[PDB]
Amino acid sequence: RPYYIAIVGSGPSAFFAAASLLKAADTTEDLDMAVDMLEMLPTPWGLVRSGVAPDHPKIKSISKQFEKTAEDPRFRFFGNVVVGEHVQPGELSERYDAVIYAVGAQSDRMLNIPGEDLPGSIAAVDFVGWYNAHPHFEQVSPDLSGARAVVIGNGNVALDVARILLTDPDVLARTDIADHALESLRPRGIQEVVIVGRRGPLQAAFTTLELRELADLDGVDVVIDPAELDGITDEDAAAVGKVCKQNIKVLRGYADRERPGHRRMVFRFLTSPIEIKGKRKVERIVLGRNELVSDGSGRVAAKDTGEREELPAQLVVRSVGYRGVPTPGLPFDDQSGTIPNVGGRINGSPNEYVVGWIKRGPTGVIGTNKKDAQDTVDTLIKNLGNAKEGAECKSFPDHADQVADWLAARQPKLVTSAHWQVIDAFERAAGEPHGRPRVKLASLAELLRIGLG
Ligand SMILES: Cc1cc2nc3c(=O)[nH]c(=O)nc-3n(C[C@H](O)[C@H](O)[C@H](O)COP(=O)(O)OP(=O)(O)OC[C@H]3O[C@@H](n4cnc5c(N)ncnc54)[C@H](O)[C@@H]3O)c2cc1C
Ligand SMILES: NC(=O)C1=CN([C@@H]2O[C@H](COP(=O)(O)OP(=O)(O)OC[C@H]3O[C@@H](n4cnc5c(N)ncnc54)[C@H](OP(=O)(O)O)[C@@H]3O)[C@@H](O)[C@H]2O)C=CC1
C-alpha cells in the first residue's frame, strides 16, 4: 500500500508539501504516496486566492503549479471540510499515516487600544478578505464614504490596503475584486490614506517593488514629508540590508515631490495609535510620537515620547500582522499564534506536522513556503521509514474509499476537485466578458449552489 497523508489546508505550503511528498515517491523505490487535501473553503489556494491583491493577477499564476499537482491521480481534494468542526485531528491521525497542518494564519493581531472595537475600526485580515470575496468576510462591509482612512503598520499588506482604497475604481473594475467592494469603492469617498508606522523608515517591512509601484496609481499622489527622513541615512540603510537601501532611495524620491486636488497616500513614521474615538463609530484617532532606542536585543524599538495629536478619520485598518488560530486537539503558542514544532513535527505527536505560516509565523512571500514544506516533508518521510522498519506502521485495508465515505458522512456538502472545477469555470466565465479574470462567488451559499449542483 501507499502511505496515506492528509494535508489540512490548500494554500501554498500545502501544495508545496503535496508536491514534495509525490516527488519523494517518484524518486524512491518501495515508497508510494497518496495525498488527501482537506480545505475549509469550497475553493483551494489559500491566500493566493483570498490574500494576493486583485491588482496583482500575475502573482496568482502560481496556481497553475498547484493545478498540475492536483492532476496527479494520487491526489484528492475535499473542500468545505473544516478540521476541528467536521472532523477532528485525533480522527485524522487514526486514518492517515501522517497529517500535515497547513492552515495558515486565519485571524489578526490587535492593537489593544481603547476604541479598537468601534464600527469603522477593522483589521486588514477582514478588509482584505472582504475585498477578495472570502466567504467568511462577506459582511465586513466597511463604510468607505469618509474622506480619511488610517492604516496602521509598515508591511506590504498595509500597502495593499492603501492601494485598494485609492485606486481608480475604473481600474479595479477590470480585476477579480469582489463586486461588493467595487460597489463601495465606486464613489471614491476616501481622499487620503495615512499609513502609520511605529518605528522608522529603516525598520519598515515593506519591500521595494511594492513601494515603487505606488508611483503608477493614476490620480494618487504619494506624500512623504521630508522631515520623515531626517536622521535617516543612506549609510545606516545599507547597514540594514540591500532591500532597505533600495527602499530608502524610493522613499526619498517620493519626498522630493511637493498638490491640491489629488487623492493622497501619506506615510508617517515613528507614530503609534493610542486611542480610537467617536460616538458609535470611528471619528478620530489619537496618535503618539515615538523615538527609536536600543533595547539590548540587537535592534531598535519604539519608545513613546508622550506627545499626543488627534487626527479626524472615518476608517482605521490595522495591518499589524495576521495571526494563527488554535485548532482543537493540537497544541498552540498563544503569544506567537503558531503550533509548536521541531523540524515541522508537532510537539507531542508522532505523526502530525506543520508547514507554512502556522509553523513559522505570518511572514514571507509565497515562495518562502517551498523549502519550509520540503524540510517538514523530509522529517515526516524519515519518521515513516523508521516506523515501517520497526513494524509500527498502521495497518490499513480499499482504505481510500473508506476514508472518503467517512468524510462524506461528516460533511455531505464536501466539494471534490471536479466540483471545484465547476466553481472555477463559473467564476472565470462570469468575468472574462467584462475584462476580468473572474467574478468570485462571495458566500458559502453561492459557492455551494454551483459546486454541489
Ligand atoms: C493580504 C496578503 C497578501 C499577500 N500577497 C502576496 C504577494 O503579492 N506575493 C507573495 O509572494 N506573497 C503574498 N502574500 C504571502 C502569501 O499569501 C503567504 O506566503 C502564503 O499564502 C502562506 O501560505 P500558507 O499555506 O501558510 O497559508 P494560506 O495561504 O493562508 O493557506 C491556508 C489554508 O488553510 C485553510 N484552512 C485554515 N484552517 C483550516 C481548517 N481548520 N480546516 C481546513 N482548512 C483550513 C485556509 O482556508 C487556507 O486555504 C500575501 C499575504 C497576505 C496576508
Ligand atoms: N507583494 C508582496 O511580496 C507581498 C508580500 N506579503 C507578505 O506577507 C507577509 C505579511 O505581511 P504583513 O501582514 O504586512 O506583515 P509584516 O510582518 O510584513 O508587517 C507587519 C507590520 O506591523 C507592524 N506592527 C506590529 N505591531 C504593531 C503595533 N502594535 N503598532 C504598530 N505597528 C505594528 C510591524 O512593525 P514592527 O516592524 O515595528 O514590528 C510591521 O510594520 C509579509 O512577509 C509580507 O511581505 C504581503 C503582501 C504583499
# chains A, B, ... in the order shown; residues from 1 in each chain; ligands from 1

$ residues_near_ligand --ligand "ligand 1" --cutoff "7 Å" --atoms "only C-alpha atoms and all ligand atoms" --output "ChimeraX atom specification"
/A:8-14,38-41,44-48,51-53,56,59,81-84,102-106,125,128,157,322,327,355-358,363-369

$ write_last_selection --atoms "C-alpha atoms" --output "PDB file, in the first residue's frame"
ATOM      1  CA  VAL A   8      -5.157  20.291   6.131  1.00  0.00           C
ATOM      2  CA  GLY A   9      -5.384  23.436   4.084  1.00  0.00           C
ATOM      3  CA  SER A  10      -4.804  24.112   0.383  1.00  0.00           C
ATOM      4  CA  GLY A  11      -2.600  27.189   0.217  1.00  0.00           C
ATOM      5  CA  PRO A  12       0.976  27.355  -0.967  1.00  0.00           C
ATOM      6  CA  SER A  13       2.518  25.481   1.931  1.00  0.00           C
ATOM      7  CA  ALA A  14       0.002  22.653   1.479  1.00  0.00           C
ATOM      8  CA  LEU A  38      -8.879  18.877   3.244  1.00  0.00           C
ATOM      9  CA  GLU A  39      -9.811  22.524   2.880  1.00  0.00           C
ATOM     10  CA  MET A  40     -12.179  24.663   4.895  1.00  0.00           C
ATOM     11  CA  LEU A  41     -13.405  26.688   1.941  1.00  0.00           C
ATOM     12  CA  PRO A  44      -8.364  25.921  -2.996  1.00  0.00           C
ATOM     13  CA  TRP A  45      -5.222  28.064  -2.973  1.00  0.00           C
ATOM     14  CA  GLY A  46      -5.494  29.881   0.326  1.00  0.00           C
ATOM     15  CA  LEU A  47      -4.126  33.388   0.268  1.00  0.00           C
ATOM     16  CA  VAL A  48      -3.099  33.037  -3.374  1.00  0.00           C
ATOM     17  CA  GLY A  51      -4.957  37.411   0.016  1.00  0.00           C
ATOM     18  CA  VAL A  52      -2.972  38.494  -3.013  1.00  0.00           C
ATOM     19  CA  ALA A  53      -4.394  41.796  -4.142  1.00  0.00           C
ATOM     20  CA  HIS A  56      -1.743  41.632  -8.830  1.00  0.00           C
ATOM     21  CA  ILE A  59       1.423  36.781  -8.708  1.00  0.00           C
ATOM     22  CA  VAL A  81     -14.287  20.384   5.259  1.00  0.00           C
ATOM     23  CA  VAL A  82     -13.388  22.300   8.406  1.00  0.00           C
ATOM     24  CA  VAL A  83     -10.879  20.428  10.545  1.00  0.00           C
ATOM     25  CA  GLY A  84     -11.907  20.975  14.136  1.00  0.00           C
ATOM     26  CA  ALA A 102      -1.061  23.916   6.579  1.00  0.00           C
ATOM     27  CA  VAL A 103      -3.781  26.144   7.983  1.00  0.00           C
ATOM     28  CA  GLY A 104      -2.042  29.484   7.742  1.00  0.00           C
ATOM     29  CA  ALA A 105      -2.951  32.425   9.950  1.00  0.00           C
ATOM     30  CA  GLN A 106      -6.711  32.908   9.843  1.00  0.00           C
ATOM     31  CA  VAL A 125      -7.389  40.472   7.563  1.00  0.00           C
ATOM     32  CA  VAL A 128      -8.662  42.023   2.508  1.00  0.00           C
ATOM     33  CA  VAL A 157      -0.289  44.311   3.494  1.00  0.00           C
ATOM     34  CA  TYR A 322      -2.063  38.131  10.579  1.00  0.00           C
ATOM     35  CA  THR A 327      -7.029  24.072  16.175  1.00  0.00           C
ATOM     36  CA  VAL A 355       4.123  23.819   7.296  1.00  0.00           C
ATOM     37  CA  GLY A 356       3.682  27.434   6.269  1.00  0.00           C
ATOM     38  CA  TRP A 357       2.588  30.364   8.344  1.00  0.00           C
ATOM     39  CA  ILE A 358       1.124  28.176  11.113  1.00  0.00           C
ATOM     40  CA  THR A 363       5.775  36.273   7.195  1.00  0.00           C
ATOM     41  CA  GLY A 364       7.223  35.563   3.790  1.00  0.00           C
ATOM     42  CA  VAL A 365       6.280  35.653   0.148  1.00  0.00           C
ATOM     43  CA  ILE A 366       4.675  32.622  -1.463  1.00  0.00           C
ATOM     44  CA  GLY A 367       7.975  31.030  -2.362  1.00  0.00           C
ATOM     45  CA  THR A 368       9.285  31.052   1.218  1.00  0.00           C
ATOM     46  CA  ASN A 369       6.848  28.207   1.850  1.00  0.00           C
TER      47      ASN A 369
END

$ residues_near_ligand --ligand "ligand 2" --cutoff "9 Å" --atoms "only C-alpha atoms and all ligand atoms" --output "number ranges by chain"
A: 51-53, 56, 59, 108-112, 124-125, 152-160, 196-200, 203-207, 209-210, 271-273, 301-302, 318-323, 362-366

$ write_last_selection --atoms "C-alpha atoms" --output "tab-separated table (two decimals), in the first residue's frame"
chain	number	residue	atom	x	y	z
A	51	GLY	CA	-4.96	37.41	0.02
A	52	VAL	CA	-2.97	38.49	-3.01
A	53	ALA	CA	-4.39	41.80	-4.14
A	56	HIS	CA	-1.74	41.63	-8.83
A	59	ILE	CA	1.42	36.78	-8.71
A	108	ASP	CA	-5.50	39.18	13.04
A	109	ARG	CA	-3.20	40.79	15.52
A	110	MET	CA	-4.83	43.50	17.61
A	111	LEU	CA	-3.55	46.88	18.69
A	112	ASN	CA	-5.02	46.53	22.19
A	124	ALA	CA	-6.55	44.17	7.30
A	125	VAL	CA	-7.39	40.47	7.56
A	152	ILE	CA	-1.60	51.13	10.96
A	153	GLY	CA	1.52	49.21	10.06
A	154	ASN	CA	4.56	49.16	7.77
A	155	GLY	CA	4.31	45.82	5.98
A	156	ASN	CA	3.27	45.10	2.45
A	157	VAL	CA	-0.29	44.31	3.49
A	158	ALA	CA	-0.61	47.95	4.59
A	159	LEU	CA	0.35	48.97	1.08
A	160	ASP	CA	-2.23	46.62	-0.46
A	196	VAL	CA	1.27	54.99	10.17
A	197	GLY	CA	4.43	53.14	11.19
A	198	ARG	CA	5.57	52.86	14.79
A	199	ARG	CA	9.27	52.60	14.02
A	200	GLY	CA	11.17	54.42	11.31
A	203	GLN	CA	12.68	49.36	10.18
A	204	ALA	CA	9.88	49.17	7.63
A	205	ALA	CA	8.88	45.69	6.48
A	206	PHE	CA	7.92	46.95	3.01
A	207	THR	CA	9.76	45.62	0.01
A	209	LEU	CA	8.85	46.87	-5.86
A	210	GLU	CA	5.82	47.26	-3.68
A	271	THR	CA	3.95	57.15	15.30
A	272	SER	CA	1.66	54.84	17.24
A	273	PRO	CA	-2.12	54.72	17.56
A	301	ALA	CA	12.49	49.62	19.50
A	302	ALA	CA	9.93	52.42	19.53
A	318	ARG	CA	-4.90	47.77	11.48
A	319	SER	CA	-2.35	45.95	9.34
A	320	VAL	CA	-0.19	44.80	12.20
A	321	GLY	CA	0.02	41.18	11.15
A	322	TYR	CA	-2.06	38.13	10.58
A	323	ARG	CA	-2.35	35.60	13.43
A	362	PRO	CA	2.89	35.02	9.25
A	363	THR	CA	5.78	36.27	7.19
A	364	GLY	CA	7.22	35.56	3.79
A	365	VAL	CA	6.28	35.65	0.15
A	366	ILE	CA	4.67	32.62	-1.46

$ residues_around --residues "residue 381 of chain A" --least-positions-apart "3" --cutoff "12 Å" --atoms "only C-alpha atoms" --output "ChimeraX atom specification"
/A:3-5,17,20-25,28,31-33,97-100,344-345,350-353,374-378,384-388

$ select_by_dssp --residues "segment 54-272 of chain A" --states "helix (DSSP H, G or I)" --output "PyMOL selection string"
chain A and resi 57-60+63-70+89-95+124-131+135-137+156-166+169-172+179-185+201-203+208-216+226-229+234-240+242-255

$ select_by_dssp --residues "segment 250-438 of chain A" --states "strand (DSSP E)" --output "VMD selection string"
chain A and resid 263 to 268 271 to 277 284 to 294 300 to 312 315 to 318 322 to 323 341 to 342 345 to 346 352 to 354 415 to 416

$ atom_distance --atom1 "atom CA of residue 446 of chain A" --atom2 "atom CA of residue 87 of chain A"
23.4 Å

$ residues_around --residues "segment 182-184 of chain A" --least-positions-apart "2" --cutoff "7 Å" --atoms "only C-alpha atoms" --output "list in words"
residues 144, 169, 173, 177, 178, 179, 180, 186 and 187 of chain A

$ atom_distance --atom1 "atom CA of residue 192 of chain A" --atom2 "atom CA of residue 147 of chain A"
6.4 Å

$ residues_around --residues "residue 80 of chain A" --least-positions-apart "4" --cutoff "12 Å" --atoms "only C-alpha atoms" --output "VMD selection string"
chain A and resid 8 to 10 37 to 44 85 to 87 135 407 to 408 410 to 417 419 to 420 444 to 445 447 to 448 451 to 452

$ residues_around --residues "residue 281 of chain A" --least-positions-apart "3" --cutoff "7 Å" --atoms "only C-alpha atoms" --output "number ranges by chain"
A: 118-120, 278

$ decode --residues "segment 67-106 of chain A" --atoms "N, CA and C atoms" --output "PDB file, in the first residue's frame"
ATOM      1  N   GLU A  67      -2.437  23.400  -9.715  1.00  0.00           N
ATOM      2  CA  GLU A  67      -3.351  22.622 -10.554  1.00  0.00           C
ATOM      3  C   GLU A  67      -2.662  21.417 -11.145  1.00  0.00           C
ATOM      4  N   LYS A  68      -1.410  21.593 -11.555  1.00  0.00           N
ATOM      5  CA  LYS A  68      -0.655  20.470 -12.097  1.00  0.00           C
ATOM      6  C   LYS A  68      -0.460  19.402 -11.019  1.00  0.00           C
ATOM      7  N   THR A  69      -0.143  19.794  -9.787  1.00  0.00           N
ATOM      8  CA  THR A  69      -0.037  18.824  -8.713  1.00  0.00           C
ATOM      9  C   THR A  69      -1.359  18.096  -8.504  1.00  0.00           C
ATOM     10  N   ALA A  70      -2.459  18.844  -8.505  1.00  0.00           N
ATOM     11  CA  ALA A  70      -3.760  18.261  -8.243  1.00  0.00           C
ATOM     12  C   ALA A  70      -4.209  17.302  -9.339  1.00  0.00           C
ATOM     13  N   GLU A  71      -3.607  17.390 -10.515  1.00  0.00           N
ATOM     14  CA  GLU A  71      -3.939  16.449 -11.591  1.00  0.00           C
ATOM     15  C   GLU A  71      -3.448  15.038 -11.292  1.00  0.00           C
ATOM     16  N   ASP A  72      -2.517  14.901 -10.365  1.00  0.00           N
ATOM     17  CA  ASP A  72      -1.955  13.577 -10.095  1.00  0.00           C
ATOM     18  C   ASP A  72      -3.027  12.660  -9.580  1.00  0.00           C
ATOM     19  N   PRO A  73      -3.131  11.432 -10.103  1.00  0.00           N
ATOM     20  CA  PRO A  73      -4.166  10.529  -9.615  1.00  0.00           C
ATOM     21  C   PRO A  73      -4.031  10.107  -8.154  1.00  0.00           C
ATOM     22  N   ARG A  74      -2.872  10.346  -7.568  1.00  0.00           N
ATOM     23  CA  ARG A  74      -2.655  10.030  -6.168  1.00  0.00           C
ATOM     24  C   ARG A  74      -3.189  11.119  -5.227  1.00  0.00           C
ATOM     25  N   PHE A  75      -3.630  12.232  -5.790  1.00  0.00           N
ATOM     26  CA  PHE A  75      -4.077  13.389  -5.058  1.00  0.00           C
ATOM     27  C   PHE A  75      -5.581  13.531  -5.110  1.00  0.00           C
ATOM     28  N   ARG A  76      -6.194  13.837  -3.963  1.00  0.00           N
ATOM     29  CA  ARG A  76      -7.606  14.150  -3.874  1.00  0.00           C
ATOM     30  C   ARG A  76      -7.793  15.433  -3.063  1.00  0.00           C
ATOM     31  N   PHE A  77      -8.788  16.219  -3.436  1.00  0.00           N
ATOM     32  CA  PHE A  77      -9.197  17.421  -2.737  1.00  0.00           C
ATOM     33  C   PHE A  77     -10.591  17.282  -2.180  1.00  0.00           C
ATOM     34  N   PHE A  78     -10.767  17.714  -0.933  1.00  0.00           N
ATOM     35  CA  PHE A  78     -12.054  17.726  -0.276  1.00  0.00           C
ATOM     36  C   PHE A  78     -12.229  19.096   0.368  1.00  0.00           C
ATOM     37  N   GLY A  79     -12.946  19.949  -0.339  1.00  0.00           N
ATOM     38  CA  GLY A  79     -13.245  21.285   0.123  1.00  0.00           C
ATOM     39  C   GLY A  79     -14.505  21.331   0.958  1.00  0.00           C
ATOM     40  N   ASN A  80     -14.707  22.457   1.625  1.00  0.00           N
ATOM     41  CA  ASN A  80     -15.785  22.664   2.573  1.00  0.00           C
ATOM     42  C   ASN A  80     -15.719  21.692   3.736  1.00  0.00           C
ATOM     43  N   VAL A  81     -14.513  21.291   4.118  1.00  0.00           N
ATOM     44  CA  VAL A  81     -14.287  20.384   5.259  1.00  0.00           C
ATOM     45  C   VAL A  81     -13.455  21.179   6.264  1.00  0.00           C
ATOM     46  N   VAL A  82     -14.040  21.468   7.413  1.00  0.00           N
ATOM     47  CA  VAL A  82     -13.388  22.300   8.406  1.00  0.00           C
ATOM     48  C   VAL A  82     -12.817  21.401   9.487  1.00  0.00           C
ATOM     49  N   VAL A  83     -11.503  21.283   9.549  1.00  0.00           N
ATOM     50  CA  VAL A  83     -10.879  20.428  10.545  1.00  0.00           C
ATOM     51  C   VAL A  83     -10.996  21.171  11.869  1.00  0.00           C
ATOM     52  N   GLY A  84     -11.510  20.452  12.857  1.00  0.00           N
ATOM     53  CA  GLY A  84     -11.907  20.975  14.136  1.00  0.00           C
ATOM     54  C   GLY A  84     -13.422  21.081  14.248  1.00  0.00           C
ATOM     55  N   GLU A  85     -14.140  20.974  13.128  1.00  0.00           N
ATOM     56  CA  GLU A  85     -15.586  21.040  13.107  1.00  0.00           C
ATOM     57  C   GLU A  85     -16.156  19.729  12.565  1.00  0.00           C
ATOM     58  N   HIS A  86     -15.954  19.445  11.294  1.00  0.00           N
ATOM     59  CA  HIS A  86     -16.494  18.231  10.680  1.00  0.00           C
ATOM     60  C   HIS A  86     -15.738  16.973  11.049  1.00  0.00           C
ATOM     61  N   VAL A  87     -14.426  17.116  11.127  1.00  0.00           N
ATOM     62  CA  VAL A  87     -13.521  16.055  11.534  1.00  0.00           C
ATOM     63  C   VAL A  87     -12.495  16.641  12.466  1.00  0.00           C
ATOM     64  N   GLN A  88     -11.959  15.824  13.347  1.00  0.00           N
ATOM     65  CA  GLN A  88     -11.003  16.268  14.347  1.00  0.00           C
ATOM     66  C   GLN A  88      -9.599  15.763  14.077  1.00  0.00           C
ATOM     67  N   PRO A  89      -8.590  16.479  14.558  1.00  0.00           N
ATOM     68  CA  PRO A  89      -7.221  15.993  14.423  1.00  0.00           C
ATOM     69  C   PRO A  89      -7.024  14.559  14.885  1.00  0.00           C
ATOM     70  N   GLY A  90      -7.607  14.190  16.026  1.00  0.00           N
ATOM     71  CA  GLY A  90      -7.435  12.835  16.541  1.00  0.00           C
ATOM     72  C   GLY A  90      -8.040  11.764  15.683  1.00  0.00           C
ATOM     73  N   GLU A  91      -9.002  12.143  14.872  1.00  0.00           N
ATOM     74  CA  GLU A  91      -9.619  11.232  13.906  1.00  0.00           C
ATOM     75  C   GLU A  91      -8.749  11.102  12.668  1.00  0.00           C
ATOM     76  N   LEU A  92      -8.198  12.212  12.200  1.00  0.00           N
ATOM     77  CA  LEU A  92      -7.310  12.147  11.051  1.00  0.00           C
ATOM     78  C   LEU A  92      -6.063  11.361  11.368  1.00  0.00           C
ATOM     79  N   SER A  93      -5.560  11.517  12.589  1.00  0.00           N
ATOM     80  CA  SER A  93      -4.327  10.853  12.946  1.00  0.00           C
ATOM     81  C   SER A  93      -4.514   9.330  12.985  1.00  0.00           C
ATOM     82  N   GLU A  94      -5.741   8.840  13.170  1.00  0.00           N
ATOM     83  CA  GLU A  94      -6.068   7.388  13.173  1.00  0.00           C
ATOM     84  C   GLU A  94      -6.225   6.855  11.753  1.00  0.00           C
ATOM     85  N   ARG A  95      -6.637   7.711  10.815  1.00  0.00           N
ATOM     86  CA  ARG A  95      -6.959   7.307   9.467  1.00  0.00           C
ATOM     87  C   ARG A  95      -5.893   7.526   8.416  1.00  0.00           C
ATOM     88  N   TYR A  96      -4.827   8.212   8.796  1.00  0.00           N
ATOM     89  CA  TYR A  96      -3.728   8.507   7.904  1.00  0.00           C
ATOM     90  C   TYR A  96      -2.416   8.163   8.563  1.00  0.00           C
ATOM     91  N   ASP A  97      -1.408   7.842   7.764  1.00  0.00           N
ATOM     92  CA  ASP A  97      -0.088   7.606   8.288  1.00  0.00           C
ATOM     93  C   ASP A  97       0.504   8.852   8.911  1.00  0.00           C
ATOM     94  N   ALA A  98       0.242  10.006   8.295  1.00  0.00           N
ATOM     95  CA  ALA A  98       0.703  11.293   8.810  1.00  0.00           C
ATOM     96  C   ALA A  98      -0.260  12.363   8.343  1.00  0.00           C
ATOM     97  N   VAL A  99      -0.307  13.452   9.113  1.00  0.00           N
ATOM     98  CA  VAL A  99      -1.165  14.581   8.829  1.00  0.00           C
ATOM     99  C   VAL A  99      -0.327  15.833   8.873  1.00  0.00           C
ATOM    100  N   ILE A 100      -0.455  16.667   7.841  1.00  0.00           N
ATOM    101  CA  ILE A 100       0.260  17.946   7.764  1.00  0.00           C
ATOM    102  C   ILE A 100      -0.740  19.082   7.878  1.00  0.00           C
ATOM    103  N   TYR A 101      -0.569  19.907   8.902  1.00  0.00           N
ATOM    104  CA  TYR A 101      -1.384  21.097   9.100  1.00  0.00           C
ATOM    105  C   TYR A 101      -0.744  22.272   8.394  1.00  0.00           C
ATOM    106  N   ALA A 102      -1.490  22.821   7.445  1.00  0.00           N
ATOM    107  CA  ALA A 102      -1.061  23.916   6.579  1.00  0.00           C
ATOM    108  C   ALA A 102      -2.140  25.005   6.576  1.00  0.00           C
ATOM    109  N   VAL A 103      -2.576  25.350   7.776  1.00  0.00           N
ATOM    110  CA  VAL A 103      -3.781  26.144   7.983  1.00  0.00           C
ATOM    111  C   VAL A 103      -3.553  27.647   7.934  1.00  0.00           C
ATOM    112  N   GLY A 104      -2.316  28.067   7.822  1.00  0.00           N
ATOM    113  CA  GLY A 104      -2.042  29.484   7.742  1.00  0.00           C
ATOM    114  C   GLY A 104      -2.429  30.193   9.020  1.00  0.00           C
ATOM    115  N   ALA A 105      -2.640  31.500   8.863  1.00  0.00           N
ATOM    116  CA  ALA A 105      -2.951  32.425   9.950  1.00  0.00           C
ATOM    117  C   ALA A 105      -4.294  33.035   9.619  1.00  0.00           C
ATOM    118  N   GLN A 106      -5.359  32.544  10.246  1.00  0.00           N
ATOM    119  CA  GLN A 106      -6.711  32.908   9.843  1.00  0.00           C
ATOM    120  C   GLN A 106      -7.309  34.113  10.542  1.00  0.00           C
TER     121      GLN A 106
END
